[PDB]
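Participant: Please work out how this folds:
(3 chains, ligands or ions: 1)
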Amino acid sequence: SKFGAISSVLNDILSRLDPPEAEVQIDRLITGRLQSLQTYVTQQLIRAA
Amino acid sequence: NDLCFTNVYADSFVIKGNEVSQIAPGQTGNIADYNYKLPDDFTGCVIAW
Amino acid sequence: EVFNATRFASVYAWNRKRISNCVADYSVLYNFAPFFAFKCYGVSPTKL
Ligand SMILES: *[C@@H]1O[C@H](CO)[C@@H](O)[C@H](O)[C@H]1NC(C)=O
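Facilitator: Numbering: from 1, shown residues only, chains lettered A, B, ... in the order given. Sharing the structure here:
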């Protein structure tokens, strides 16, 4: 999922954009991916309980 | 006038008109690329008169 | 051949050209124009 950025694949976005404008999009990717991981870990905790 | 800085760098150089718009972090141009590149995490001011 | 043309068509009829099967080195693009605005959106001009 692009998560509202240019692309959903880091190894392309890092080479298509320079750092001082790419950090925003990579931060969007980080926040989306980590929110998804938080959802996954919470659901796993509930299932484990 | 309310802040305490460790050290201050004062770099002075006379340049053209459009080159004032050229100078900024994450910029480009004949001067911003081979004559003066500001740091990407620049924390300061540029003065042009 | 697209940066020193002489009759860039009016905005109401915007000339559109297709460029393919060549090697793009935009140094000619920089040195052919005293740039005033280079606002790129999908890709940064630096690593272009
Ligand atoms: C090609 O570029 C040069 C350099 O600016 C310009 O003098 C010349 O007029 C251009 N060619 C044409 C056909 O305009």
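
Participant: wait, does stretch A:3-20 contact chain C?
Facilitator: Yes - among the residues of stretch A:3-20, A:6, A:15-18 lie within reach of chain C under Cβ under 8 Å from any Cβ of the partner chain. (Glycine included, C-beta is placed from N, CA and C.)

Participant: and that stretch, how far apart are its ends?
Facilitator: By Cα to Cα, to the nearest Å, the extent of stretch A:3-20 from end to end equals 20 Å.

Participant: How far does it sit from its chain's centre?
Facilitator: 11 Å (Cα atoms, centre = their mean, to the nearest Å).

Participant: Buried residues of that stretch, list them for me.
Facilitator: Using 16 or more other Cβ atoms under 10 Å in any protein chain shown as the test for burial, stretch A:3-20 gives A:5-6, A:13, A:16-18, A:20.

Participant: Same list (the residues you listed) but as a markdown table, adding distance to residue A:48.
Facilitator: Below are the buried residues of stretch A:3-20 laid out as a markdown table (distance: Cβ to Cβ, whole Å):
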| residue | distance to residue A:48 |
| --- | --- |
| A:5 | 33 |
| A:6 | 37 |
| A:13 | 35 |
| A:16 | 40 |
| A:17 | 40 |
| A:18 | 43 |
| A:20 | 43 |
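
Participant: List, one by one, the residues from chain B near chain A.
Facilitator: By the rule Cβ under 8 Å from any Cβ, the part of chain B lying against chain A is B:25-26, B:40.
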